[PDB]
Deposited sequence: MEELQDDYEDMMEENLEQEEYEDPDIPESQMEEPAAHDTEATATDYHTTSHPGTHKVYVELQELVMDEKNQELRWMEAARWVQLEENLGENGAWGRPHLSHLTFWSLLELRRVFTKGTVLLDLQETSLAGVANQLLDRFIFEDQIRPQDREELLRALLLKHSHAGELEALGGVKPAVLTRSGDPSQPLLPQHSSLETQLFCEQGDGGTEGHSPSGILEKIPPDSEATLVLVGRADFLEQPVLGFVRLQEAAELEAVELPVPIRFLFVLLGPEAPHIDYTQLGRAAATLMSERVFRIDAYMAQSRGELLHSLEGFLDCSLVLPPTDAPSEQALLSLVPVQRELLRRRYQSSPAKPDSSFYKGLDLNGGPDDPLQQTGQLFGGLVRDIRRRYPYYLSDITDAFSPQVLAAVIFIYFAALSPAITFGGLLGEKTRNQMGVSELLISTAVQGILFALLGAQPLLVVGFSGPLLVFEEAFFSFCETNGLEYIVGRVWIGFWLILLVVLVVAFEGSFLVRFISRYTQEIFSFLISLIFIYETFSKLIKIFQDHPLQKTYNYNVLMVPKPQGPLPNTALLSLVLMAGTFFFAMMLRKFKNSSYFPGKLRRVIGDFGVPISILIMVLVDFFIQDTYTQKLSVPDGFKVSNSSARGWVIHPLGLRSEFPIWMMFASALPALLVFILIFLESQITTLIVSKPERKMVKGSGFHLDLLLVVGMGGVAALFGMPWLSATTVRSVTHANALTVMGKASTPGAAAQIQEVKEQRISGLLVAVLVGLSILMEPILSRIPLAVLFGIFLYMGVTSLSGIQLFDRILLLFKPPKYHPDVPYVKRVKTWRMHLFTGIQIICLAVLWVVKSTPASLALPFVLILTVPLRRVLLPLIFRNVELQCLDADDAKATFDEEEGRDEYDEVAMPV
């Protein structure tokens, strides 16, 4: 998939011929309850971050782009990616770096008196130019130099960030309603409670802990020896929906106490009808858009392309490792082309561009993973699950009375479960666990039986320094430089690491398929 053909659009054509023969199997392989359980999982797992990021975007951009535009873009891009992509297990949705770029671009447009949405239209227009040149010149072959080092560093960092944000949301919930000796019983509730309320933060903590506990116990019960095997596996597959339903019913049977619920818009309308319409004129809405920004938008378009490219390609590398039993193939050229082109098209309608997020796609792959008697058996590789998730995301506005009864704390426990389950296949997490173990308890694995203990510990600690550096960058206004610092790990693997480690040590510690040299 990463070979260079030398022909224009050579990678694009090979990716199509690699996967599209399996298009008929991509529908028939979904006839299983595990696919439906994965749909119910990924629907909430993509809807709740979408709602949160849409609210943040509306707050930070004066509602020029908000919840409704993000939901519509997510639905359309997910549907078109599931119908036409080469790796349908990827989940197309909004991400944090995209929000940071939107913040920076809105600030830049406000400073220079530029129309933000027209600048977004021009950036998306420049986005289409970049992706066509990259795909035609086989620019997606450069991802072959991203070995297990950078992939696992990025995945571990993203999982830690997800867990940190999940806990910080509960911390903010506690700060909004602190535990006090006295409360004001006359507190306005619309649109949100303007004062602290009793029993709120504690009930949110209880709901999150119970959701996480039930999810983990059902995950254990899947591999357990109790019940008949078919019924036990069916229950284990629906473990996350069962936990969500149980905690939702628990919160529903507590009428008096208030808990924050999901909030979707009233209808399929723009967030601000006083600012922009559904189609934004590239020449300007209120003021004439200057000519110079039409060429100056290439650099922000370059940054957006770098962000989306790194995110989607590293996610595709993670989800398509040979150890995950992927036997249908993935496309690095077709998927990138589809994602960036759809982002550029949606930019014309004033809708946010999206990328293949890491945590959501990894959770989608894991929810379709079939486990044998410890050993991964197969993966339910099909296009129906992502298509149904996107359709339900689009229909989330019409089903407000169902979503309005689901607390966020249940979703917080679900996100914690996703974060703790996204660290399974990372060897960096395994070697971090070996830092707190005696050397005699280390497993019989190639990177332990052929490498000395202190050498492996030093190799792991080098990655820890990279994780700390990447975390510090995110805590700075220049968090859009995170892709560049992440790329800087690739020279570290191929220039500085060989200066201290032998060839066999680097082969064992950084192996493309976890082999013993």
*Which parts of the deposited sequence have no C-alpha atoms in the model?*
1-370, 744-750, 895-911
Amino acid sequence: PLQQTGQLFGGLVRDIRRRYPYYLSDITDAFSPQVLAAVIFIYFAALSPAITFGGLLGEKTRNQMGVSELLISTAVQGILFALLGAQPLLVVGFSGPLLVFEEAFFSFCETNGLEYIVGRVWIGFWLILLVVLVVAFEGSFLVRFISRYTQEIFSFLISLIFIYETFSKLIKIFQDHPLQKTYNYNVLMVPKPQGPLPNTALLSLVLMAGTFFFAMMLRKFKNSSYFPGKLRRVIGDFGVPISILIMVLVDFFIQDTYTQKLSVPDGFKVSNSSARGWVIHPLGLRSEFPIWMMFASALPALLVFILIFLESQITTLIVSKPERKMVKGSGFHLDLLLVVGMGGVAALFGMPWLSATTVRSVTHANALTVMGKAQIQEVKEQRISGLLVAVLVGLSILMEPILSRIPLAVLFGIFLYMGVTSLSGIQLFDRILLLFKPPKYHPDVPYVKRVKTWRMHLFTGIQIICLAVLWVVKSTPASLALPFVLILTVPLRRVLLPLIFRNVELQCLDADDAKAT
From here on, numbers count along this sequence of modelled residues.
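Rigid core (definition): largest C-alpha set, two forms, superposition within 1.5 Å.
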*Please pick 245-253 or 183-191, whichever has its Cα atoms farther from the shown form in 8 other deposited structures of this protein after a rigid core fit.*
183-191
